[PDB]
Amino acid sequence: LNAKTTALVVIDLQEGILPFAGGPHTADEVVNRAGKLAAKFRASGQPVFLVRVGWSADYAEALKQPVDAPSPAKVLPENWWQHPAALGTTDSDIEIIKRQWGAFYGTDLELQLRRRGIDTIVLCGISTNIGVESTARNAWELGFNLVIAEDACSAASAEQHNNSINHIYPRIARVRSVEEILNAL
């Protein structure tokens, strides 16, 4: 890829979300590998977007339509928003706050990408078939070249991860290992 026009987008690597990584990769693996990607991006001056999801205590910013399998409006834990230490977060990283699965709606992600001259996104995080996938589908329609770092993603189960990796992502992205991405940058 063209490294000079590539950004890293890291979905929801925050302590509140890590317990939801059931497979195939552990939360610690996803975090370590996202951290390694971020260090490579920073060495070449390419933007690193660290996305987190959540709501105020009153859930005012949340979607509330009726659905068959709703998520409960529970009091979020104290650590909900905390980036894990092993991610290696630093001040130059661009923090994005989202209020639903996809990282574009209601955020500055697109603005930041376009104004920084980015045409390619490397995407990783949790969950592969939920927020990662909503973000990917949007990114592709917006015209960005997409790369999915397969071994820096995880989902509720290996099966749900693999179904997206095998059937959705190949049509909208290049699916690559962290190692392959590091070699291309």
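All residue numbers refer to positions in the sequence shown, first residue = 1.
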item	value
64-72 versus 152-160 - which carries the larger mean C-alpha B factor in the record	64-72
Residue range whose averaged C-alpha B-factor is higher in the record, 173-181 or 8-16	173-181
Maximum C-alpha temperature factor, selected from 107, 112, 100, 79	79
Where the record places residue 137 (Cα B-factor, split into thirds across the chain)	lowest
Assigned third (lowest, middle, highest) for the C-alpha B factor of residue 127	lowest
Residue 37 CA temperature factor, ranked by third within the chain	middle
Assigned third (lowest, middle, highest) for the C-alpha B factor of residue 49	lowest
Third of chain Cα B-factors occupied by residue 146	middle
